[PDB]
Ligand SMILES: CC(C)CCC[C@@H](C)CCC[C@@H](C)CCC[C@@H](C)CCOC[C@@H](CO)OCC[C@H](C)CCC[C@H](C)CCC[C@H](C)CCCC(C)C
Ligand SMILES: CC(C)CCC[C@@H](C)CCC[C@@H](C)CCC[C@@H](C)CCOC[C@@H](CO)OCC[C@H](C)CCC[C@H](C)CCC[C@H](C)CCCC(C)C
Ligand SMILES: CC(C)CCC[C@@H](C)CCC[C@@H](C)CCC[C@@H](C)CCOC[C@@H](CO)OCC[C@H](C)CCC[C@H](C)CCC[C@H](C)CCCC(C)C
Ligand SMILES: *C/C=C(C)/C=C/C=C(C)/C=C/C1=C(C)CCCC1(C)C
Ligand SMILES: *C/C=C(C)/C=C/C=C(C)/C=C/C1=C(C)CCCC1(C)C
Ligand SMILES: *C/C=C(C)/C=C/C=C(C)/C=C/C1=C(C)CCCC1(C)C
Ligand SMILES: CCCCCCCCCCCCCCC
Ligand SMILES: CCCCCCCCCCCCCCC
Ligand SMILES: CCCCCCCCCCCCCCC
Ligand SMILES: CCCCCCCCCCCCCCC
Ligand SMILES: CCCCCCCCCCCCCCC
Ligand SMILES: CCCCCCCCCCCCCCC
Ligand SMILES: CCCCCCCCCCCCCC
Ligand SMILES: CCCCCCCCCCCCCC
Ligand SMILES: CCCCCCCCCCCCC
Ligand SMILES: CCCCCCCCCCCCC
Ligand SMILES: CCCCCCCCCCCCC
Ligand SMILES: CCCCCCCCCCC
Ligand SMILES: CCCCCCCCCCC
Ligand SMILES: CCCCCCCCCCC
Ligand SMILES: CCCCCCCCCC
Ligand SMILES: CCCCCCCCCC
Ligand SMILES: CCCCCCCCCC
Ligand SMILES: CCCCCCCCC
Ligand SMILES: CCCCCCCCC
Ligand SMILES: CCCCCCCCC
Ligand SMILES: CCCCCCCC
Ligand SMILES: CCCCCCCC
Ligand SMILES: CCCCCCCC
Ligand SMILES: CCCCCCCC
Ligand SMILES: CCCCCCCC
Ligand SMILES: CCCCCCCC
Ligand SMILES: CCCCCCCC
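Protein chains in written order, with the deposited numbering: chain A, 4 to 234; chain A', 4 to 234; chain A'', 4 to 234. A prime marks a further copy of an entry chain.
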C-alpha cells in the first residue's frame, strides 16, 4: 500500500466515504415519509458505492497499467466503475426533486452513461492522440447534461413549492461547478497531458468526490424539500 | 486504421450513426408533449450509443483476437456492447407504443439480454463446436421475442388508436425482418462457419444496423402516434 | 469437461435449471391477469439466467485461475454474473408481493449489488488476507438486506390480504435460511479457507441455487397471492 505516494489520499477518501455512509444511514433511520425515503435511499447508496471503490484503489485492486507515450502508466480504472453508478444516482436526486418527466430522466441517465463510458475508453486507449478524441466526446455529453439542468429543470423548479425550488437551485449550482472540474483534472493529469503528477491528481479527485457526494448529500438531506407537504 | 480492409464500412457506419443522432437531436428540440419526449429520448440514444461503438471499432479498440480453428480470429466485441443497450431500447419504443404491461416489458428485456449475452459468449468461445451451442440458445431467445411481438402486442395494438396501430404494425414488420438477418450473418461470417469474409460481413452488419436504428427512428418520429390525443 | 471432478454437479445444475425454466414457461402460458404476469416474468427469468451460467461453467468458459497461497486456484467467476442479476430479481418478487415503496426497493437492490460486487472482488483478489476483508463487507450488505426483509416488510405484509401475508412469510423464511448459507460455503470453500474441496463446494452451491430459485418459484407461482382480488 504505502509504496504508492498517493496512498494517503486514497485512505482519506475511503474513511470520509465510509463515515458519510454511516451518518446518512443513521440519520435515515427515523424516516417514514415515502417521499423522504426515496431521497435517503438514493443519497446513502452514493457514498457506499464510492467507499468500496476507494477501498479497491487503496488495496491495489482497482489499478492497472496502460502503455502509452512509451511508458507503463498507472491508471485507476475503479474510478469509472464508481462514477458509472453514482453519477446517475446523483442526477436522479435532482430530477425527482423537480418531478421531472420520464423522457427527460432517460435522456440524462443515457447521456451520463455515454459520458462515463467514453471516459473509460479514453483512459484505457493505447494510442496517445486518440485518448483526447474520447475526452472530447465525453465532454460533449457532459455539456448536454449541464444544458438540461439549466434550460429544462430550472424552469420546472420555479413552478414548484418554494423550498424545493430554492434547494434545487443550490444543488444545481454545486453540481455544475464541481462536475465541470473533473474533465479538467483528467486532461492535465496522468490520464491526459501528464502536467500534474498522479499523487496531486489523486488529491484533487478526492476533494471533488467528497464534496460532490457527501457535501451534496448533507445539503439535500437537511432540506425540507424531501418531505411531502403534510399537516 | 486503413490496414484493415473493413475500415471503409466502419467509417461509413460511424458517419451515418453520428448524422442520425444529430438529426434526431435537432428534430426533438421543439417538442413539449411528455409522451413524445419519451420516444425522442429513447430513439435518439440508440444511434448515439451505436456511434460510439462504431468509432471504437474504427480506431481498433473494440477488436480482439480469439484462437479457434488453429487461427487467431479477429472478433469485434464492441458490437455486443452496442447491442446490449440499443436492442432493449428499441423494444421499449415498441412496447410503449402499444402501452404494454410491465410484466411483458420485463420478459422482453430479459430475453433480449440473454440473446445478446449468449451471443457474446459464443463469439469469445475457443472450442469451435461450442460456439454454435451458444448461437442456438441465443436464437431461441430471439424467437421468443419475435413470438411476443406477434402474438401479444399485435392484438394489443388493434384495441388502440388507429394511428398507433398502423405505425406499430409497420415498425413490427421492419423489426422482425431485420433482426432475423443478424443470426444468419453471424453463422456464415467470421464468428461462425467463415464462409463470408470479414470485410463483407462488416458491410452487412452496417446496412442492418443503420436500417434497424436510423431507418426505424425516421419512421417512428415522423408518426403522429407518439403524441397524445390533444385538441 | 469430465476432466474436472465437479463436472457432475455442474451438469445436474444445468439440467435442473433448464427443466425449471421450461415448467414455469409452460405454466405461465395460460395467464392474463396483469399482476400475475409480473410474477411469472420475474420468476421465469431467474432459472433461465442461471441455466446459461451453469452451462458456461460446465463447458469451462466461466472458470479462471487466480494465484494466491502460492497456487493457481480455480475460481468459477460465472457464479457472480448469475447472482448479479438473479438475486435482485428474487428480491423484487418479495417486494412486489408486499407492495413495498420505491425507496425501499432501491435500497434493497443497491445493497444487493454491493453484496455481489464485493464478493466478486474478494474472489479475484490475489492478496490472501484481503479476500476476507471483501467477504466481511459483502456479509454486512447481506445483513442489511435480511434486516429489511424482517423489520420493514413483515410489518407491511400483515396489513395486506391474508393470502399474500402467509405466502410472503413462507418465502421470507426460505430466503433468509438459504441465502445465509452462501457466505458460509464461500468462507470454508476454495474461495476462502480451503477446508472443503471444490467438488463438494460445487455440490453445495448447486443444492442452494436450485432450492433458492426453482423451489422458491414453485411456492410462489402456486399461490393465489400473485393474482389480484377479482370476482
Ligand atoms: C443507456 C446507457 C446506460 C447507455 C450506456 C452508454 C455506453 C454504451 C457508452 C459506451 C460504453 C462502452 C465503452 C463500455 C466498454 C467497457 C469496457 C471498457 C470493458 C473492458 O474492456 C475493454 C478491453 C480492455 O481494455 O477489453 C478487452 C477485450 C475483452 C475480450 C472484452 C470482452 C468483454 C466486453 C467488454 C463485453 C461488453 C460488456 C459491456 C460493455 C458491459 C457494460 C460496461 C459499462 C462500462 C457500460
Ligand atoms: C435481466 C437481463 C438483463 C439478464 C441478462 C442476461 C445475462 C445473464 C445473459 C448472460 C450474460 C453473461 C454471459 C455475460 C458475460 C460477460 C463476459 C463476456 C465479460 C468478459 O469476460 C469473459 C472472459 C473472457 O472471455 O473473462 C475472463 C475472466 C475474467 C476474470 C472475468 C471476471 C469478470 C466477470 C465478467 C464479472 C461479471 C460481470 C457481469 C457479467 C457484467 C455484465 C456484462 C453484460 C455482458 C451482461
Ligand atoms: C446500484 C447498484 C447496482 C450499485 C452496484 C454496486 C457496485 C458498485 C459494487 C462494486 C462493483 C465492482 C467491484 C465491480 C467490479 C467488476 C470487475 C470485477 C470486472 C473485472 O475486472 C477486474 C479486474 C481483473 O480482476 O480487471 C482488470 C483490469 C481491467 C482493465 C478492468 C477495466 C474494465 C472495468 C471493470 C470497467 C468497469 C465496468 C463496471 C464495473 C461494469 C459493472 C460490473 C458489475 C460486476 C457491477
Ligand atoms: C462522485 C463523482 C462524480 C460526481 C464524478 C463526476 C465525473 C465527471 C463529471 C467526469 C467527467 C469526464 C469528462 C467530462 C471527460 C473526461 C473524463 C471524465 C470521465 C473525467
Ligand atoms: C441495432 C442493432 C440491432 C437491432 C441488433 C440486433 C441483433 C440481433 C437480433 C442478434 C442476434 C444474434 C443471434 C440471434 C444469435 C447469433 C448472435 C447474435 C447476437 C448476432
Ligand atoms: C440464486 C442465487 C442466490 C440466491 C445467491 C445468493 C448469494 C449470496 C446471498 C451470496 C453471498 C455472499 C456473501 C454474503 C459474502 C461472501 C460472498 C457471497 C457473494 C457468496
Ligand atoms: C480544476 C482544478 C485544476 C487546477 C490544478 C492546479 C494544480 C496546481 C498544483 C501544482 C502543480 C504541480 C506541478 C509541479 C509538480
Ligand atoms: C451536523 C452536520 C455534520 C455531520 C457530520 C458529517 C460527517 C461526515 C463527513 C463530512 C465531511 C465532508 C463534508 C463536505 C466538505
Ligand atoms: C441475410 C443475408 C445473408 C446473405 C449473404 C450474401 C453474401 C453474398 C456475398 C458473396 C459471398 C462472398 C464469398 C466469396 C468471397
Ligand atoms: C427528411 C427525412 C430525411 C432526413 C435526413 C436523415 C439523414 C440521416 C441519415 C439517414 C440515412 C439512412 C436512412 C435509412 C436507410
Ligand atoms: C452451510 C453448510 C456448510 C456445511 C459444510 C459441511 C461439509 C461437510 C462435508 C465433509 C467435509 C469434507 C472434508 C474432508 C474432505
Ligand atoms: C407439480 C409440481 C412439480 C412440477 C415439476 C417441477 C420440475 C422442476 C424441477 C424441480 C426440482 C427441484 C425442486 C426443488 C427441490
Ligand atoms: C449503466 C448503468 C446505469 C444504471 C445506473 C443505476 C441508476 C439507474 C437510474 C434509473 C432512473 C430511472 C429511469 C426511469
Ligand atoms: C447491477 C445490476 C442490477 C440490475 C438487476 C436487474 C433487476 C433490476 C430490478 C429493478 C427494480 C426496480 C427499481 C425501481
Ligand atoms: C452549455 C450549457 C451551459 C451550462 C454549462 C456550463 C459549461 C461549463 C464549462 C465546463 C468546461 C469543461 C471543459
Ligand atoms: C415463432 C414466432 C413466429 C415469428 C418469428 C419468425 C421467425 C423468423 C425466423 C428467423 C430465422 C433465424 C435463424
Ligand atoms: C440482523 C438482522 C436479523 C436477521 C438476520 C439473520 C442473521 C443470520 C446470520 C447469517 C450468518 C452469515 C455469516
Ligand atoms: C497528441 C495531441 C494530438 C491532438 C489531438 C486533439 C484532439 C482533440 C479533439 C477535440 C475536437
Ligand atoms: C463443428 C460442428 C459441430 C456441430 C454442432 C452443432 C450444434 C448446433 C446445436 C443446435 C441444436
Ligand atoms: C490470513 C488471515 C488474516 C485474517 C484477516 C481477517 C479479516 C476479517 C475482517 C472481519 C472484520
Ligand atoms: C468507519 C471508519 C472507516 C475507516 C477505514 C478505512 C480507512 C483506511 C485506514 C488504513
Ligand atoms: C458529423 C460527421 C461525423 C463524421 C466523423 C466520423 C467519420 C470518420 C471519418 C474518418
Ligand atoms: C431440457 C434438458 C436440458 C439438459 C441439457 C443440459 C444437461 C447437460 C448434459 C451433458
Ligand atoms: C460543496 C461544499 C459542501 C459544503 C457541505 C456543508 C453543508 C452543511 C449543511
Ligand atoms: C427499413 C428501411 C427504412 C427506410 C427509411 C426511410 C423512412 C423515410 C420516412
Ligand atoms: C426450499 C425447499 C423448497 C421445496 C419445493 C417444493 C415446493 C412444492 C410446492
Ligand atoms: C456516525 C454516527 C452518527 C451519530 C448520530 C448522528 C445524529 C443522528
Ligand atoms: C446561491 C447558492 C450558491 C451555491 C454555489 C456554491 C458553489 C460551490
Ligand atoms: C458555471 C461555473 C463553471 C465553473 C468551472 C470551474 C472549472 C474548474
Ligand atoms: C405493411 C408495411 C410493410 C413493411 C415491411 C418492410 C420490410 C422491409
Ligand atoms: C418474417 C419474414 C422473415 C424474413 C427473414 C429474412 C432473413 C434474411
Ligand atoms: C412457516 C414456514 C416455514 C418455512 C421454513 C422452511 C425452511 C427451509
Ligand atoms: C434464521 C435462521 C438462520 C439459519 C442459518 C443457517 C446457516 C447455515
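Built from N, CA and C at the ideal position, the CB exists for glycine as well.
Continuous beta strand (DSSP E) assignments of at least 3 residues falling wholly in the stretch 31-113 of chain A'': 66-71, 74-79
Contact test: residue 83 of chain A Cβ vs ligand 3 heavy atom, cutoff 8 Å: For the purposes of this step, residue 83 of chain A is identified with residue 80 of the first chain, where counting begins at 1. Answer for residue 83 of chain A: yes, Cβ within range of ligand 3.
Segment contact, 8 Å Cβ cut-off, at least three pairs: the stretch 141-153 of chain A with the stretch 106-119 of chain A: yes
Which listed residue (A':14, A':72, A':34) has its alpha carbon closest to that of residue 53 of chain A': Your numbering for residue 53 of chain A' matches position 50 in the second chain. The option with the nearest alpha carbon to residue 53 of chain A' is A':14.
Within 7 Å of ligand 14: residues by beta-carbon to any heavy atom: A'':87, A'':88, A'':91, A'':92, A'':95, A'':105, A'':108, A'':109, A'':112, A'':116
Neighbouring residues, chain A', relative to residue 67 of chain A'' (Cβ below 7 Å): On the third chain, position 64 is the one that residue 67 of chain A'' refers to. Correct list: empty, because the minimum Cβ distance to chain A' is about 13 Å.
Cβ-Cβ distance between residue 16 of chain A'' and residue 57 of chain A'' below 9 Å: By 1-based counting over the third chain, the position of residue 16 of chain A'' is 13. By 1-based counting over the third chain, the position of residue 57 of chain A'' is 54. Cβ distance < 9 Å, so residue 16 of chain A'' and residue 57 of chain A'' count as in contact.
Own chain partners of residue 178 of chain A with C-beta closer than 8 Å, once the 5 adjacent residues on each side are dropped: Translated into the one-based positions of the first chain, residue 178 of chain A becomes position 175. Here the set comprises 93, 97, 152, 215, 219.
Terminal residues of the alpha helix (DSSP H) in which residue 217 of chain A' lies: Taking the first residue of the second chain as position 1, residue 217 of chain A' is located at position 214. No alpha helix (DSSP H) contains residue 217 of chain A', which DSSP labels as neither H nor E.
Chain A'' within 9 Å of residue 41 of chain A, Cβ atoms only: Counting from one through the first chain, the residue named residue 41 of chain A turns up at place 38. Chain A'' contact via Cβ: present.
Residue burial classification, residue 174 of chain A' (beta-carbon count within 10 angstroms, cutoff 16): The count along the second chain starts at 1 and reaches residue 174 of chain A' at position 171. Classification of residue 174 of chain A': buried, given that the 10 Å Cβ count is 16 or more.
is_contact[residue 165 of chain A', chain A] using C-beta, thresh 9 Å: For the purposes of this step, residue 165 of chain A' is identified with residue 162 of the second chain, where counting begins at 1. So no, residue 165 of chain A' is outside the interface.
Cβ neighbour criterion (16 or more within 10 Å) applied to residue 212 of chain A: Within the first chain, the letter at position 209 stands for residue 212 of chain A. Residue 212 of chain A should be labelled buried.
Proximity winner among A':91, A':164, A':69, A':170, relative to residue 134 of chain A' (alpha-carbon distances): Here residue 134 of chain A' corresponds to residue number 131 of the second chain, with the count starting at 1. For residue 134 of chain A', the nearest C-alpha among the options comes from A':69.
Within chain A, partners of residue 128 of chain A'' - CB distance below 7 Å: The residue you call residue 128 of chain A'' lines up with position 125 of the third chain. Those are 64, listed as they occur along chain A.
Within 9 Å, strictly: CB atoms of residue 33 of chain A' and residue 40 of chain A': Counted from its first residue, the second chain places residue 33 of chain A' at position 30. Counted from its first residue, the second chain places residue 40 of chain A' at position 37. Not closer than 9 Å, so no.
First through last residue of the alpha helix (DSSP H) which encompasses residue 168 of chain A'': Against the third chain, residue 168 of chain A'' aligns to sequence position 165. That run of the alpha helix (DSSP H) goes 165-191.
Residue from A'':42, A'':10, A'':35, A'':200 whose Cα sits closest to the Cα of residue 221 of chain A'': Residue 221 of chain A'' sits at position 218 when you count from the first residue of the third chain. That would be A'':42, whose Cα lies nearest to the Cα of residue 221 of chain A''.
Range covered by the alpha helix (DSSP H) that runs through residue 128 of chain A: By one-based count along the first chain, residue 128 of chain A stands at place 125. Note, residue 128 of chain A: premise wrong, no alpha helix (DSSP H); not H, not E.
Neighbourhood of residue 190 of chain A'' by C-beta, 7 Å cutoff - its chain only, sequence neighbours within 5 removed: Within the third chain, the letter at position 187 stands for residue 190 of chain A''. For residue 190 of chain A'', where only same-chain residues beyond five positions count, the Cβ hits under 7 Å are 138, 196.
Beta-carbon gap between residue 5 of chain A'' and residue 28 of chain A'' smaller than 9 Å: To locate residue 5 of chain A'', count along the third chain from 1; it is residue 2. To locate residue 28 of chain A'', count along the third chain from 1; it is residue 25. No, Cβ-Cβ distance for residue 5 of chain A'' and residue 28 of chain A'' is not below 9 Å.
Best match in A:198, A:72, A:128 for proximity to residue 63 of chain A' [C-alpha to C-alpha]: Reading the second chain from its first residue, position 60 is the one you call residue 63 of chain A'. Looking at the Cα atoms, A:128 is the closest of the given residues.
Cutoff 8 Å; reference residue 144 of chain A; Cβ partners in own chain excluding five residues on either side: Taking the first chain and counting its residues from 1, one reaches residue 144 of chain A at position 141. Correct list, in chain order: 114, 115, 117, 118, 121.
Check: residue 200 of chain A C-beta below 8 Å from any heavy atom of ligand 7: As a first step, residue 200 of chain A is located in the first chain; it is residue number 197 there, counting from the start. Checking the Cβ of residue 200 of chain A against ligand 7 gives yes.
Alpha helix (DSSP H) segment containing residue 4 of chain A', residue limits: The residue labelled residue 4 of chain A' in the question sits at position 1 within the second chain. Element bounds for residue 4 of chain A': n/a, residue is neither H nor E.
Chain-ordered residues, beta carbon under 6 Å from a heavy atom of ligand 23: A'':14, A'':17, A'':18, A'':21, A'':22
Members of the stretch 96-114 of chain A' that neighbour chain A'' once the beta carbon cut-off is set at 7 Å: 104, 105, 106, 107, 109, 110, 113
Partners in chain A'' for residue 59 of chain A, counting only beta-carbon separations shorter than 7 Å: Counting from one through the first chain, the residue named residue 59 of chain A turns up at place 56. Residues of chain A'' passing the Cβ test: 124.
Cβ-heavy atom distance, residue 123 of chain A to ligand 7, below 8 Å: Residue mapping note: residue 123 of chain A aligns to position 120 of the first chain, counting from 1. No - ligand 7 has no heavy atom lying nearer than 8 Å to the Cβ of residue 123 of chain A.
Reference residue 162 of chain A'; option with closest CA among A':89, A':225, A':100: The count along the second chain starts at 1 and reaches residue 162 of chain A' at position 159. The shortest Cα separation from residue 162 of chain A' among A':89, A':225, A':100 belongs to A':100.
Under 7 Å from the C-beta of residue 133 of chain A: neighbouring residues of chain A': In the first chain, counting from the first residue as 1, residue 133 of chain A sits at position 130. Going along chain A' in sequence order, the residues near residue 133 of chain A (Cβ under 7 Å) are 62.
When A'':131, A'':90, A'':102 are compared against residue 167 of chain A'', the one with the closest alpha-carbon: Mapped onto the third chain, residue 167 of chain A'' falls at position 164. Ranking the options by Cα distance to residue 167 of chain A'', first place goes to A'':102.
Residue 37 of chain A': contacting residues in chain A (beta-carbon distance under 8 Å): One-based indexing of the second chain puts residue 37 of chain A' at position 34. Here the neighbours are 104, 105, 106.
Residue 81 of chain A'' and residue 65 of chain A'' closer than 9 Å at C-beta: To locate residue 81 of chain A'', count along the third chain from 1; it is residue 78. To locate residue 65 of chain A'', count along the third chain from 1; it is residue 62. Yes. Within cutoff.
Cβ-Cβ separation, residue 9 of chain A to residue 201 of chain A (assumed contact under 8 Å), whole Å: Position 198 of the first chain, counting from 1, holds the residue named residue 201 of chain A. Position 6 of the first chain, counting from 1, holds the residue named residue 9 of chain A. Contact flag correct, Cβ pair sits at about 6 Å.
Proximity test, residue 213 of chain A'' beta-carbon vs ligand 5 heavy atom, cut-off 8 Å: For the purposes of this step, residue 213 of chain A'' is taken as the residue at position 210 of the third chain. No, since every heavy atom of ligand 5 falls outside the 8 Å radius drawn around the Cβ of residue 213 of chain A''.
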